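Chain by chain, the residues run as shown.
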Amino acid sequence: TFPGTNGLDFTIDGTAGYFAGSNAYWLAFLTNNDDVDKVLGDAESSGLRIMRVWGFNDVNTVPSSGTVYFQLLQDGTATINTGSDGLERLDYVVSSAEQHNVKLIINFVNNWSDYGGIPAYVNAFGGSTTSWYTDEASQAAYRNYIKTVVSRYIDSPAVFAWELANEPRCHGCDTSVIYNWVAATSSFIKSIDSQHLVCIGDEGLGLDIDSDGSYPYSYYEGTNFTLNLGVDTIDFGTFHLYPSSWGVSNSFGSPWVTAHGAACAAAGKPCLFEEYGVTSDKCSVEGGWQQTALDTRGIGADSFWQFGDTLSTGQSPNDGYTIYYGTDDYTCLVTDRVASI
Ligand SMILES: *[C@@H]1O[C@H](CO)[C@@H](O)[C@H](O)[C@H]1NC(C)=O
């Protein structure tokens, strides 16, 4: 039975529960299978049921030999890499997730320039980071890429959800730009695969319910959380949380979770608290957020940003948010936490 929803709860194998997960954006960019297995086994033994990974890796020129990439976007043409240093790495991750009782969230483009993103489509096809949503050349490539990836794992019970993008924004755009794109893209996915969950991947910006007046609740980044969540072909909401990056205090975080949970409840769909992080005082600050998420109606799961581990190639990436397996912060925010759910 694939992961699903039942009212405000998520389900895995047909059973409802609150699920803890993490993010490991880089998992399908490794080239060592043993390291993939270590990460997913460490997640599994720690009680992480969901892992969110990048399902994209867009380049404007072919990288060095040995470097993983999933799509070359160059001079008006897309070329998808299905070889051993292309989407076969994502294949191994899905296989390993099936062997390790981990369900994956797999997304299809970045908002940001990291690993190409909407900027790499602009470089290849023209336009701008706001026009992208409605530009024919970009959207055709994007959809073809989506169909290419979805078709690889259409029958896998290890896919939690297909996710449109990482943190899509449309700065200054009418909120209908993203809304129509969400509706069209999610309907496209459901036309290919009627059975897996689909979500957006946005940060949750643009929310009137329980607003504190601060900028994250405004609609000027192009997203309207309640509007988009009403799309029939989206199964659950996503929101992220970075107070200092956003110009707000950490005290905004728990109320941000409360406000999104209320919005999810109103929509009749679960919310995934899909990224959150601070770079210091993690146990205390993130622990507070985690408790709010467990206590809030409509929050069905959460996944901290980000998982860390020791790989054969060295420590996995440290962006200051990384919580490494075997450390005290990992005990606080993962192993203790999951055991107590
Ligand atoms: C956000 O969507 C809600 C519907 O869920 C709508 O009532 C509100 O007007 C929208 N606001 C903007 C600026 O899109």
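Residues numbered from 1 in each chain as written, not as in the entry; some residues may be left out. Heavy atoms only, no water.

This entry, as listed in the PDB, derives from X-ray crystallography and reports a resolution of 1.60 Å.

Our focus in this paragraph is the overall build of the protein chain. From N to C terminus, the protein chain includes 10 helices and 18 strands. A principal-axis box enclosing the C-alpha atoms of the protein chain has dimensions of 50 × 45 × 40 Å. Sequence separation of at least 24 residues holds for 72% of the intrachain contacts in the protein chain that already meet a minimum separation of 6. Counting only carbon and sulfur atoms, one obtains 45% of the accessible surface of the protein chain, whose full area is about 12,300 Å². (Helix = DSSP H or I, 4+ residues; strand = E, 2+ residues; numbered from the N terminus. Contact = heavy atoms within 4.5 Å. Areas by Shrake-Rupley, 256 points an atom, 1.4 Å probe, with all protein chains shown as cover.)

Another aspect to go through is the side chain of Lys269. If you trace the backbone, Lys269 turns up in the loop between α8 (253-267) and β13 (271-276). No salt bridge is formed by the buried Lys269; its nearest oppositely charged neighbour, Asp232, is found at 5.2 Å. From its side chain, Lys269 meets the backbone oxygen of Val231 in a polar contact 2.8 Å long. A distance of 2.8 Å separates a polar atom in the side chain of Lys269 from the backbone oxygen of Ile234. Every residue in contact with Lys269, bar those within four places of it in the chain, is listed here: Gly7, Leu8, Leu229, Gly230, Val231, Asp232, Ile234, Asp235, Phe236, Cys264 and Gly298. (Buried < 20%, exposed > 50% of the residue type's maximum accessible area, 1.4 Å probe, protein only. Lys, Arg positive; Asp, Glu negative; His and termini not counted. Salt bridge = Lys/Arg side-chain N within 4 Å of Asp/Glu carboxyl O. Polar contact = N/O pair within 3.5 Å; in protein donor to acceptor, adjacent residues only side chain to side chain.)

Time to look at the state of the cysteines. For the structure shown, the criterion picks out three disulfides. In this model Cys170 forms its disulfide with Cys173; the gap between the sulfur atoms is 2.0 Å. With the S-S bond torsion at -70°, the cross-link from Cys170 to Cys173 turns out left-handed. For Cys170, a relative accessible area of 0% gives the class buried. Accessibility expressed as a relative area gives 15% for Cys173, which makes it buried. Between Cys264 and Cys271 runs a disulfide, and the two sulfur atoms are separated by 2.1 Å. Across the S-S bond linking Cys264 and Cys271, the dihedral sits near 80°, which makes this disulfide right-handed. (Disulfide = S-S within 2.5 Å.)

Quick look at the site of the ligand now. As a matter of local geometry, the ligand sits amid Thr175, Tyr219, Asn224, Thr226 and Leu227. A distance of 2.7 Å separates an oxygen atom of the ligand from a polar atom in the side chain of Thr175. At 2.8 Å from an oxygen atom of the ligand is found a side-chain nitrogen or oxygen belonging to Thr226. Protein chains bury 48% of the 370 Å² of accessible surface belonging to the ligand in isolation. Residues belonging to the shell around the ligand are distributed by class as follows: two nonpolar, three polar and no charged. (Near = heavy atom within 4 Å. Nonpolar A, V, L, I, M, F, W, Y, C, P; charged D, E, K, R; others polar.)

Reading across the sheet, the three strands line up as β6-β7-β8 and stay open at both edges, with mixed pairing between neighbours. A strand with exactly one partner marks an edge of an open sheet, and here the two such strands are β6 (58-59) and β8 (77-80). Pairing of strand β7 (residues 71-74) with β8 involves four bridges; the strand directions are antiparallel. Bridged to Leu73 within β8 is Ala78. In the packing of helix α3 (residues 117-125) onto the sheet, the strands contacted are β6, β7 and β8, and the crossing angle to β7 comes to about 45°. (Pairing = 2+ DSSP bridges. Axes fitted to C-alpha atoms, helices over the stretch in contact; angles between N-to-C directions.)

Another point: the nonpolar core. Counting 96 residues, the largest nonpolar core has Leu27, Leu48, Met51, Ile106 and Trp162 as its most contacted members. In contact with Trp162, not counting residues within four places along its chain, are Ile106, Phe108, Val149, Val150, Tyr153, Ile189, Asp193, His196, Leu197, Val198 and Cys199. If you look at the next biggest cluster of nonpolar residues, it comprises 12 residues, including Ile50, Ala161, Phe236 and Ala301. (Core = buried A, V, L, I, M, F, W, Y, C linked by side-chain atoms within 4.5 Å.)

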